[PDB]
Amino acid sequence: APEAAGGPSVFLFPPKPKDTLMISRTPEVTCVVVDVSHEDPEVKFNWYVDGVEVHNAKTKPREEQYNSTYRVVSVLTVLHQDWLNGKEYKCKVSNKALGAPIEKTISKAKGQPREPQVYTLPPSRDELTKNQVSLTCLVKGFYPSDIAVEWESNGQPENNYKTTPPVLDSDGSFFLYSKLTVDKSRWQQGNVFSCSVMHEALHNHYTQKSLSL
Amino acid sequence: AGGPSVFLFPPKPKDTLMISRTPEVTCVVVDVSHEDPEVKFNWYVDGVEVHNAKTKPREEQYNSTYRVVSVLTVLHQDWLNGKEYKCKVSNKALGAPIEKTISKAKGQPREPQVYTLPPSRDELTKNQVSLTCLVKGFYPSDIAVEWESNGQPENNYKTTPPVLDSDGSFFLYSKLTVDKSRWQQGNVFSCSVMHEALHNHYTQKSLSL
Amino acid sequence: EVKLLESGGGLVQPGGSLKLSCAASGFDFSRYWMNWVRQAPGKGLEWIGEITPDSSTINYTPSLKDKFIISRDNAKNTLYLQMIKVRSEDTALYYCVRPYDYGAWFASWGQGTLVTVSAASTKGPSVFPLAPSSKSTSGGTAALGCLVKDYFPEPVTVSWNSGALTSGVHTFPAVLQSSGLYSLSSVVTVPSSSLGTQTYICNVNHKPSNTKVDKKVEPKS
Amino acid sequence: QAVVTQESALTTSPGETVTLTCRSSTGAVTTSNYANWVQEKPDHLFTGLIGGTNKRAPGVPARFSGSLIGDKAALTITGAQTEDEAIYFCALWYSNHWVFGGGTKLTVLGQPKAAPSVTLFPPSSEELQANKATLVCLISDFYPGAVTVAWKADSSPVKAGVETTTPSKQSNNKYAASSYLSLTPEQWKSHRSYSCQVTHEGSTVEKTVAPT
Ligand SMILES: *[C@@H]1O[C@H](CO[C@@H]2O[C@@H](C)[C@@H](O)[C@@H](O)[C@@H]2O)[C@@H](O[C@@H]2O[C@H](CO)[C@@H](O[C@@H]3O[C@H](CO[C@H]4O[C@H](CO)[C@@H](O)[C@H](O)[C@@H]4O[C@@H]4O[C@H](CO)[C@@H](O)[C@H](O)[C@H]4NC(C)=O)[C@@H](O)[C@H](O[C@H]4O[C@H](CO)[C@@H](O)[C@H](O)[C@@H]4O)[C@@H]3O)[C@H](O)[C@H]2NC(C)=O)[C@H](O)[C@H]1NC(C)=O
Ligand SMILES: *[C@@H]1O[C@H](CO[C@@H]2O[C@@H](C)[C@@H](O)[C@@H](O)[C@@H]2O)[C@@H](O[C@@H]2O[C@H](CO)[C@@H](O[C@@H]3O[C@H](CO[C@H]4O[C@H](CO)[C@@H](O)[C@H](O)[C@@H]4O[C@@H]4O[C@H](CO)[C@@H](O)[C@H](O)[C@H]4NC(C)=O)[C@@H](O)[C@H](O)[C@@H]3O)[C@H](O)[C@H]2NC(C)=O)[C@H](O)[C@H]1NC(C)=O
């Protein structure tokens, strides 16, 4: 039986690609409840890992919205291997304004993981007439789309780089590009720039490709 | 449960750049039910009501809803001059009519810089190679990118959406996949870009071994 | 919360004119169509009309189109109903009604404002305390009240201790006397062991005569 | 113009399915009539239930549904509850105006009989000082909604000066009524007592008050 209009809305978010691929980092799944009325502000949360109920989840303080509604957030810390092995995370939301609870289930994108191929491209000859040059990192053939990409030099993330969102390729895998902008003088002086990638299908979940003149 | 949703789309970038082509703003209404027999559209250009839009007949979807589209032909000059287009959707089950507005992004237009990049030496182990077209420093984000080789179009390409850069301009990349043999043979490939801030709204950059 | 509060009702002479208001809060009033609906005594609902958010279209029940003028002022979050050359058949509760964003067109209703079309005079109420005693006590609770006599026209509302006392309040529907005047009573039930710790006030409002009476009610001696 | 017709009254029982209908005098009710349903509870509390034929308003229970059946609009309540006791109005859209039907009163059977709670107040000192006297008999929480009220001066019946309201349905489905006995202060002071006698379902509750 479906809910009538004007009731709460539930959005379930996956952990960050980086958090799942580093044992030091803590990956978490996020259950966000919107359109929570003032008349019925209490939201109850029930979490399930492959159908088995858990209790470690924390409910964040309810944020007051400009549109006169409440945003209620539940944060569940997940085990790195549990998320990667494809375990289903169910968030159950109970509220007085609801006729029946809303249930959202999140899992790592199903499908054979595919190893990204990482390629660094120097600036086009035509760009060498400019004050700033572009160093390109092509990351392709990866699955799922969850990836972390960074341009760095001398152990510093570079101040001026941008990465495109992943794009679905014709073979069902994904690709993206990350554009690093540097002053031409730094490129002409032989400084080494590196594109660092983290993905579940890379050996040791990490690869680094470096480029220089 | 929440009824219809409206999505208002800009014209195709190539349509606004070629006088021979007809640019249109499209007001799409989804989640229209069998109990929504009428879907009325009111259109405004800079808040002034216009009457030239055409509604297409409702189209049933596989999720048992209908999709209702209204198309408004726009002048190339009006879109490019930043006129605002508003679509208002109503019927007797819409106590609050739905309004959406669209216009070309405000700011000084900037010329795209087009750069072709060969495959990385590392990619030459694979049977298929990537030819890259970097298009940067353009404004607004409306742009068209295609590939050609020996007069004919190359269609085995994928282009990223425009990305907002650190200086307020946009960039994108277009990736053309070719068999290594075609690249090793010395065949010339071309990346063509259509944008308002290019000569005759078009430019082309070639790439060969 | 969506809130609609009608005002401007009361006594109007036959052939007279009256403008009602409906104050809206809790939503963006400029986004919605608004309706006016009425209910005459012993009758069903009758639609009066509606107005678009921008006032470009105003629709009316065909038979009522020359008797009413609907308007709105989005900046003041207010809906209006001008009633002109009213007759006895226009005596009714008038409701402003907001549709929900989608679906229900008659979703949110105000409590209504009563328009009484009559050549009779306004008459404010005489309020008398109905004192609690051992005789109005039954087990754990005691009743006390206010008698609101001989007013015209309806309605009268009664609150207790300025709205601070709400549990156990019952305001009874009025009796229509052979005289043409109305009387009603409001009763409040309190704990019997609380008798003698405080005095009470019934706040009697008779908006049609611009009269409010705050009557002291104390335990019987 | 167009006339909209509904059933005057219908009865159901807890857990049953009941269908309310809405007919158009112009012919078949279409989706272009955008059928609406409104519920009226006591103290003139109205709430819209349905619009656009079958769309529920926010907070409306799933047991309420709207549909079109051939040439009429319909409101179906599946698994009726005692709290569904109300008057149901339908409204139809006719190109440039809405038209409400006459409404359907819904009775939910099986509700237990409830004896009236009676409180009788004597005239106040203040009213007596103003040379008037009113005895106030308040009757509440009775079900079904029919009582008869009789007054006595000592043991003698009194009909002169009595005004009694019709019973009115309360939010809890039970009924309330009032009866007022107007006397002179001399009549009040000269009798040993007065009584308000409330008869409901053949049983009577009598309350007495005395000037002393
Ligand atoms: C019932 O079915 C409807 C139709 O969907 C089709 O049929 C069903 C049964 C499935 O098989 C579908 O796979 C199939 O597509 C659904 O309608 C869709 O609703 C969603 C919202 O719920 C709409 O999403 C919005 O999409 C915008 C982009 O839309 C363009 O691109 C789509 C491909 O990515 C394409 O499918 C669209 O047609 C549209 O294409 C453009 O159309 C214009 C006009 O003709 C052309 O000029 C362009 O060239 C086209 N471009 C391309 C690339 O083809 C997004 O912009 C939008 O995002 C914004 O809003 C969301 C909130 O929803 C934010 O999160 C976001 O940040 C952003 O602000 C949004 O995602 C979708 O477009 C609808 N599809 C169609 C075909 O109209 C119903 O949802 C569904 N109902 C239920 C109950 O399931
Ligand atoms: C009342 O207001 C709230 C809040 O509105 C927000 O603030 C106002 C000022 C505006 O700017 C709003 O646009 C803004 O959202 C509304 O809540 C929103 O409700 C809609 C649906 O009605 C939700 O849409 C869904 O969005 C998801 C994707 O959401 C992610 O990305 C959004 C930006 O693209 C963010 O706004 C979201 O917060 C969310 O972000 C992710 O959050 C997780 C943690 O929870 C992180 O791990 C991620 O990293 C992070 N990602 C990013 C890119 O930041 C989409 O998949 C889905 O299809 C819907 O479109 C909004 O998400 C939700 N906003 C918020 C902040 O919760 C209410 O709807 C308003 N009520 C009414 C009646 O209008």
Side-chain angles (χ1 to χ4, degrees), chain A residues 2-3 5-20 26-38 43 57-60 62-78 83 89 91 97 102 104 106 146 148 163 165-168, chain B residues 1-16 21-33 36 54-56 58-74 79 85 87 96 98 100 102 142 144 158-162, chain C residues 2 26-28 31 100-102, chain D residues 58:
Chain A
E3 288 305 310
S9 287
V10 189
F11 299 94
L12 193 56
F13 298 96
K16 284 290 162 302
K18 185 161 188 169
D19 293 323
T20 62
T26 305
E28 52 205 32
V29 162
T30 316
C31 203
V32 183
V33 198
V34 299
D35 304 333
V36 177
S37 60
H38 295 265
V43 174
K58 253 273 168 185
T59 298
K60 293 275 268 287
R62 60 170 194 242
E63 189 189 287
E64 52 173 278
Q65 235 69 32
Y66 310 102
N67 61 26
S68 313
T69 70
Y70 291 119
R71 196 179 87 118
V72 191
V73 168
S74 185
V75 172
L76 176 92
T77 286
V78 307
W83 176 262
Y89 293 93
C91 175
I102 307 169
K104 295 285 161 176
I106 201 147
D146 315 293
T163 309
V167 182
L168 177 73
Chain B
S5 284
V6 180
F7 296 93
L8 184 57
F9 298 91
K12 276 97 182 169
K14 263 218 267 188
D15 294 339
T16 64
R21 293 171 80 109
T22 298
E24 308 165 333
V25 170
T26 309
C27 191
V28 180
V29 189
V30 300
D31 293 341
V32 171
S33 74
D36 296 293
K54 287 174 175 180
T55 302
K56 300 184 166 188
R58 68 182 44 214
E59 293 290 344
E60 190 183 333
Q61 309 299 300
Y62 283 89
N63 58 12
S64 300
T65 64
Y66 298 88
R67 187 170 175 271
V68 180
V69 176
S70 174
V71 175
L72 180 76
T73 294
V74 301
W79 178 264
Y85 296 87
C87 174
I98 302 167
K100 297 297 168 178
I102 195 150
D142 306 276
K158 290 292 181 174
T159 307
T160 75
Chain C
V2 172
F27 66 100
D28 180 352
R31 291 180 61 243
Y100 181 57
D101 295 50
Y102 180 72

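Counting convention: from 1, in listed order, for ligands and their atoms alike. Convention: sequence-line order gives letters A, B, ...; per-chain numbering from 1.
Of all the atoms in ligand 2, the ones that sit under 4.0 Å from a non-hydrogen atom of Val34(A) are 17 (O), 19 (O), 67 (O). The contact set between ligand 1 and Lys12(B), taken as ligand atoms under 4.0 Å from a residue heavy atom, comprises 47 (O), 49 (O). Atoms of ligand 1 lying under 4.0 Å from at least one heavy atom of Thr65(B), given by number and element, are 1 (C).
Closest heavy-atom approach to atom 4 (C) of ligand 1 within the set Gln61(B), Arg67(B), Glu60(B): this belongs to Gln61(B). The closest non-hydrogen atom to atom 39 (C) of ligand 1, taken over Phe7(B), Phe9(B), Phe11(A), comes from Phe9(B).
Atom CZ of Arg21(B) is separated from atom NZ of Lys14(B) by 4.5 Å, given to the nearest 0.5 angstrom. Note that NZ of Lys104(A) and CD1 of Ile102(A) are 7.0 Å apart. Values are rounded to the nearest 0.5 Å. Taken from OG in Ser70(B) to CG in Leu8(B), the straight-line distance is 9.5 Å, to the nearest 0.5 Å. Separating the CZ atom in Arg62(A) from the NE2 atom in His38(A) is a distance of 8.5 Å, to the nearest 0.5 Å. Interatomic distance, CG of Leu72(B) versus OG1 of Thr26(B), reported as 9.0 Å (0.5 Å rounding). Between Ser37(A) atom OG and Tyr70(A) atom OH the span is 9.5 Å, to the nearest 0.5 Å.
Applying the side-chain contact (heavy atoms from CB on, under 4.5 Å) rule to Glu59(B) yields the partners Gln61(B); only residues at least two apart in sequence or on another chain are considered.
Considering backbone and side-chain N/O of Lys16(A), one or more are found under 3.5 Å from N/O of ligand 2. An N or O contact shorter than 3.5 Å links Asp31(B) to ligand 1 by distance. Any N or O atom pair closer than 3.5 Å counts here, and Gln65(A) shares no such pair with ligand 2.
Side-chain contact annotation: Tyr102(C) with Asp36(B), donor-acceptor N/O pair under 3.5 Å present.
Across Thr77(A), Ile106(A), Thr20(A), a single residue satisfies side-chain contact (heavy atoms from CB on, under 4.5 Å) together with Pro15(A), and that is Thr20(A).
Considering only non-hydrogen protein atoms, atom 3 (C) of ligand 1 sits nearest to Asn63(B) ND2, 3.6 Å. Protein heavy atom nearest atom 19 (O) of ligand 1, with residue, atom name and distance: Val30(B) CG2, 3.8 Å.
The proximity of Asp35(A) to ligand 2, defined as any non-hydrogen pair under 4.0 Å, is limited to the side chain.
The presence of a protein heavy atom under 4.0 Å from atom 62 (C) of ligand 1 is ruled out. By the definition of a contact as any protein heavy atom under 4.0 Å away, atom 22 (O) of ligand 1 is not in contact. Within a 4.0 Å radius of atom 44 (C) of ligand 1, the protein contributes at least one heavy atom.
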